[PDB]
Every structure is written in structure tokens, then in C-alpha cells.
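K.L.:
Have a look at this one.
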Amino acid sequence: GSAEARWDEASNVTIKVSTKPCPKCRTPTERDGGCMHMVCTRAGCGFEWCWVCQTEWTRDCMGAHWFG
Ligand SMILES: [Zn+2]
Ligand SMILES: [Zn+2]
């Protein structure tokens, strides 16, 4: 038996996760773009962090991140 109405929403899961939380705000930061530089697009934050590293801009891995 198939449903005549819309009960279940067909979704595609090929994403790591909808959003990445800011190291401070933990806000839903959209993860989009070809670069590996992330920015907390929260109005009032604008904090930048190196995508992989969920923290501040790590100067240690500075260079390996940003683009990848
Ligand atoms: Zn933030
Ligand atoms: Zn890093």
C-alpha cells in the first residue's frame, strides 16, 4: 500500500552535516564553498576558523587549511 498524500518527505543524504557549530556561538554555520576557510556568519560574530579544526584559526595548520 502506498500513501496517496504526502506523509514522508524524500530527502537526500550526501552531506556531512547541515551546519557546523561556531567554537563560540555554536550557531548553525553553513558549510558551503570550495575553500576550506570557515566564517561564523552570525551577525555580530564574523569569527573565522579553519574548517576542519572546530576552534579558532589554528596558526599551526595555517597553510594546510584555507583551501582544500
Ligand atoms: Zn560565532
Ligand atoms: Zn586547522
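Identifiers in the C-alpha cells: chain A, B, ... in order shown; residue index from 1 per chain; ligand index from 1 in order shown.
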Using only C-alpha atoms and all ligand atoms, tabulate the residues of chain A lying at most 12 Å from any atom of ligand 1, each with its closest atom pair and that distance in Å to one decimal, by chain and increasing residue number, as CSV.
P.N.:
residue,atom,partner,partner_atom_place_in_ligand_line,distance
A:20,CA,ligand 1,1 (Zn),10.4
A:21,CA,ligand 1,1 (Zn),7.9
A:22,CA,ligand 1,1 (Zn),4.7
A:23,CA,ligand 1,1 (Zn),6.6
A:24,CA,ligand 1,1 (Zn),5.2
A:25,CA,ligand 1,1 (Zn),4.3
A:26,CA,ligand 1,1 (Zn),6.4
A:27,CA,ligand 1,1 (Zn),6.2
A:28,CA,ligand 1,1 (Zn),9.0
A:29,CA,ligand 1,1 (Zn),8.2
A:30,CA,ligand 1,1 (Zn),11.7
A:38,CA,ligand 1,1 (Zn),10.5
A:39,CA,ligand 1,1 (Zn),7.9
A:40,CA,ligand 1,1 (Zn),4.6
A:41,CA,ligand 1,1 (Zn),7.0
A:42,CA,ligand 1,1 (Zn),5.7
A:43,CA,ligand 1,1 (Zn),8.5
A:44,CA,ligand 1,1 (Zn),7.8
A:45,CA,ligand 1,1 (Zn),4.8
A:46,CA,ligand 1,1 (Zn),6.3
A:47,CA,ligand 1,1 (Zn),5.5
A:48,CA,ligand 1,1 (Zn),8.2
A:49,CA,ligand 1,1 (Zn),9.5
A:54,CA,ligand 1,1 (Zn),11.3
A:55,CA,ligand 1,1 (Zn),10.3
A:56,CA,ligand 1,1 (Zn),10.2
K.L.:
Just the selected residues (N, CA and C atoms), exported as an mmCIF file, in the first residue's frame, please.
P.N.:
data_model
loop_
_atom_site.group_PDB
_atom_site.id
_atom_site.type_symbol
_atom_site.label_atom_id
_atom_site.label_comp_id
_atom_site.auth_asym_id
_atom_site.auth_seq_id
_atom_site.Cartn_x
_atom_site.Cartn_y
_atom_site.Cartn_z
ATOM 1 N N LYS A 20 27.808 23.576 10.709
ATOM 2 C CA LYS A 20 28.870 23.377 11.667
ATOM 3 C C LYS A 20 28.772 24.447 12.742
ATOM 4 N N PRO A 21 28.794 24.052 14.012
ATOM 5 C CA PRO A 21 28.676 24.993 15.122
ATOM 6 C C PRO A 21 29.940 25.834 15.339
ATOM 7 N N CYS A 22 29.738 27.130 15.577
ATOM 8 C CA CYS A 22 30.828 28.051 15.876
ATOM 9 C C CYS A 22 31.470 27.668 17.201
ATOM 10 N N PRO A 23 32.789 27.808 17.322
ATOM 11 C CA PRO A 23 33.502 27.483 18.561
ATOM 12 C C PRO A 23 33.034 28.346 19.745
ATOM 13 N N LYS A 24 32.333 29.428 19.445
ATOM 14 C CA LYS A 24 31.831 30.327 20.479
ATOM 15 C C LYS A 24 30.313 30.299 20.533
ATOM 16 N N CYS A 25 29.700 30.687 19.434
ATOM 17 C CA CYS A 25 28.257 30.787 19.344
ATOM 18 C C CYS A 25 27.611 29.425 19.197
ATOM 19 N N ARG A 26 28.330 28.509 18.563
ATOM 20 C CA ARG A 26 27.802 27.181 18.239
ATOM 21 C C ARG A 26 26.579 27.309 17.349
ATOM 22 N N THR A 27 26.553 28.398 16.602
ATOM 23 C CA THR A 27 25.488 28.702 15.687
ATOM 24 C C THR A 27 25.553 27.805 14.463
ATOM 25 N N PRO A 28 24.431 27.648 13.757
ATOM 26 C CA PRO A 28 24.377 26.837 12.551
ATOM 27 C C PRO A 28 25.106 27.508 11.379
ATOM 28 N N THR A 29 26.412 27.320 11.317
ATOM 29 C CA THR A 29 27.210 27.889 10.253
ATOM 30 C C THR A 29 27.157 27.007 9.011
ATOM 31 N N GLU A 30 26.651 27.570 7.925
ATOM 32 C CA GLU A 30 26.552 26.862 6.660
ATOM 33 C C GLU A 30 27.920 26.464 6.142
ATOM 34 N N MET A 38 36.397 28.819 7.042
ATOM 35 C CA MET A 38 35.046 28.943 7.539
ATOM 36 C C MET A 38 34.849 30.217 8.330
ATOM 37 N N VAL A 39 33.653 30.774 8.228
ATOM 38 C CA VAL A 39 33.315 32.015 8.897
ATOM 39 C C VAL A 39 31.978 31.890 9.593
ATOM 40 N N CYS A 40 31.928 32.252 10.865
ATOM 41 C CA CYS A 40 30.671 32.280 11.575
ATOM 42 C C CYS A 40 29.878 33.460 11.067
ATOM 43 N N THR A 41 28.924 33.180 10.221
ATOM 44 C CA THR A 41 28.139 34.206 9.578
ATOM 45 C C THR A 41 27.062 34.791 10.520
ATOM 46 N N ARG A 42 27.230 34.570 11.819
ATOM 47 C CA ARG A 42 26.345 35.158 12.803
ATOM 48 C C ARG A 42 26.540 36.669 12.813
ATOM 49 N N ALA A 43 25.452 37.411 12.721
ATOM 50 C CA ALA A 43 25.518 38.858 12.745
ATOM 51 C C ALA A 43 25.994 39.335 14.106
ATOM 52 N N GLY A 44 27.250 39.717 14.172
ATOM 53 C CA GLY A 44 27.838 40.145 15.416
ATOM 54 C C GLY A 44 29.061 39.328 15.760
ATOM 55 N N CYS A 45 29.273 38.248 15.015
ATOM 56 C CA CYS A 45 30.421 37.390 15.232
ATOM 57 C C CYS A 45 31.451 37.606 14.138
ATOM 58 N N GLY A 46 31.254 36.947 13.005
ATOM 59 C CA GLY A 46 32.189 37.066 11.907
ATOM 60 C C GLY A 46 33.511 36.407 12.228
ATOM 61 N N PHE A 47 33.485 35.486 13.179
ATOM 62 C CA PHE A 47 34.683 34.791 13.595
ATOM 63 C C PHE A 47 35.102 33.785 12.542
ATOM 64 N N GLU A 48 36.379 33.759 12.246
ATOM 65 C CA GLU A 48 36.904 32.869 11.242
ATOM 66 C C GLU A 48 37.623 31.702 11.886
ATOM 67 N N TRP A 49 37.432 30.535 11.323
ATOM 68 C CA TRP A 49 38.061 29.332 11.818
ATOM 69 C C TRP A 49 38.427 28.410 10.670
ATOM 70 N N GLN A 54 37.539 22.632 14.572
ATOM 71 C CA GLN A 54 36.432 23.340 15.177
ATOM 72 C C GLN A 54 36.922 24.089 16.407
ATOM 73 N N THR A 55 37.530 25.219 16.156
ATOM 74 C CA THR A 55 38.095 26.070 17.171
ATOM 75 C C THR A 55 38.456 27.403 16.510
ATOM 76 N N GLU A 56 39.481 28.069 16.978
ATOM 77 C CA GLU A 56 39.915 29.308 16.355
ATOM 78 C C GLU A 56 40.842 28.990 15.198
#
K.L.:
Check every protein, DNA and RNA residue against ligand 2, keep those with an atom at most 10 Å away (counting only C-alpha atoms and all ligand atoms), and present them as an MDAnalysis selection string.
P.N.:
chainID A and resid 36:37 49:66
K.L.:
Please write the residues from the selection above to a file, keeping N, CA and C atoms, as a PDB file, in the first residue's frame.
P.N.:
ATOM      1  N   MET A  36      38.465  26.015   2.197  1.00  0.00           N
ATOM      2  CA  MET A  36      38.396  25.388   3.499  1.00  0.00           C
ATOM      3  C   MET A  36      38.584  26.434   4.603  1.00  0.00           C
ATOM      4  N   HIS A  37      38.068  27.617   4.345  1.00  0.00           N
ATOM      5  CA  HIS A  37      38.080  28.697   5.311  1.00  0.00           C
ATOM      6  C   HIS A  37      36.649  28.937   5.756  1.00  0.00           C
ATOM      7  N   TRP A  49      37.432  30.535  11.323  1.00  0.00           N
ATOM      8  CA  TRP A  49      38.061  29.332  11.818  1.00  0.00           C
ATOM      9  C   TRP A  49      38.427  28.410  10.670  1.00  0.00           C
ATOM     10  N   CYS A  50      39.410  27.554  10.891  1.00  0.00           N
ATOM     11  CA  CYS A  50      39.903  26.713   9.820  1.00  0.00           C
ATOM     12  C   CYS A  50      39.125  25.393   9.666  1.00  0.00           C
ATOM     13  N   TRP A  51      37.966  25.502   8.991  1.00  0.00           N
ATOM     14  CA  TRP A  51      37.017  24.401   8.644  1.00  0.00           C
ATOM     15  C   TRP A  51      37.158  23.110   9.482  1.00  0.00           C
ATOM     16  N   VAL A  52      38.202  22.330   9.199  1.00  0.00           N
ATOM     17  CA  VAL A  52      38.439  21.039   9.870  1.00  0.00           C
ATOM     18  C   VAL A  52      38.516  21.212  11.385  1.00  0.00           C
ATOM     19  N   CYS A  53      39.311  22.172  11.809  1.00  0.00           N
ATOM     20  CA  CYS A  53      39.528  22.431  13.210  1.00  0.00           C
ATOM     21  C   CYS A  53      38.387  23.261  13.779  1.00  0.00           C
ATOM     22  N   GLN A  54      37.539  22.632  14.572  1.00  0.00           N
ATOM     23  CA  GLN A  54      36.432  23.340  15.177  1.00  0.00           C
ATOM     24  C   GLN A  54      36.922  24.089  16.407  1.00  0.00           C
ATOM     25  N   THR A  55      37.530  25.219  16.156  1.00  0.00           N
ATOM     26  CA  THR A  55      38.095  26.070  17.171  1.00  0.00           C
ATOM     27  C   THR A  55      38.456  27.403  16.510  1.00  0.00           C
ATOM     28  N   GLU A  56      39.481  28.069  16.978  1.00  0.00           N
ATOM     29  CA  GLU A  56      39.915  29.308  16.355  1.00  0.00           C
ATOM     30  C   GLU A  56      40.842  28.990  15.198  1.00  0.00           C
ATOM     31  N   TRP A  57      41.243  30.015  14.459  1.00  0.00           N
ATOM     32  CA  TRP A  57      42.166  29.812  13.367  1.00  0.00           C
ATOM     33  C   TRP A  57      43.493  29.293  13.911  1.00  0.00           C
ATOM     34  N   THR A  58      43.773  28.044  13.646  1.00  0.00           N
ATOM     35  CA  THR A  58      44.967  27.436  14.150  1.00  0.00           C
ATOM     36  C   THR A  58      46.165  27.824  13.293  1.00  0.00           C
ATOM     37  N   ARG A  59      47.083  28.580  13.882  1.00  0.00           N
ATOM     38  CA  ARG A  59      48.265  29.040  13.165  1.00  0.00           C
ATOM     39  C   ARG A  59      49.220  27.892  12.880  1.00  0.00           C
ATOM     40  N   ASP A  60      49.040  26.792  13.590  1.00  0.00           N
ATOM     41  CA  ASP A  60      49.860  25.604  13.384  1.00  0.00           C
ATOM     42  C   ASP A  60      49.587  24.986  12.016  1.00  0.00           C
ATOM     43  N   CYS A  61      48.316  24.795  11.700  1.00  0.00           N
ATOM     44  CA  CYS A  61      47.924  24.204  10.433  1.00  0.00           C
ATOM     45  C   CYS A  61      47.654  25.274   9.380  1.00  0.00           C
ATOM     46  N   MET A  62      47.991  26.512   9.713  1.00  0.00           N
ATOM     47  CA  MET A  62      47.845  27.630   8.791  1.00  0.00           C
ATOM     48  C   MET A  62      48.643  27.364   7.522  1.00  0.00           C
ATOM     49  N   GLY A  63      47.942  27.258   6.415  1.00  0.00           N
ATOM     50  CA  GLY A  63      48.579  26.949   5.159  1.00  0.00           C
ATOM     51  C   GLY A  63      48.027  25.675   4.577  1.00  0.00           C
ATOM     52  N   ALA A  64      47.790  24.696   5.441  1.00  0.00           N
ATOM     53  CA  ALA A  64      47.212  23.426   5.026  1.00  0.00           C
ATOM     54  C   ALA A  64      45.707  23.580   4.890  1.00  0.00           C
ATOM     55  N   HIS A  65      45.156  24.464   5.700  1.00  0.00           N
ATOM     56  CA  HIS A  65      43.744  24.782   5.639  1.00  0.00           C
ATOM     57  C   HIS A  65      43.523  25.902   4.632  1.00  0.00           C
ATOM     58  N   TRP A  66      42.430  26.659   4.814  1.00  0.00           N
ATOM     59  CA  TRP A  66      42.073  27.810   3.959  1.00  0.00           C
ATOM     60  C   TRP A  66      41.563  27.349   2.596  1.00  0.00           C
TER      61      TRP A  66
END
K.L.:
Please return, as a list in words, all residues of chain A that DSSP assigns to strand (DSSP E or B) on the basis of the backbone.
P.N.:
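Everything in chain A that counts as strand (DSSP E or B) is residues 19, 20, 21, 28, 29, 30, 35, 36, 38, 39, 48, 49, 66 and 67 of chain A.
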K.L.:
May I ask for the distance between atom CA of residue A:17 and atom CA of residue A:31, given in Å to one decimal place?
P.N.:
8.5 Å
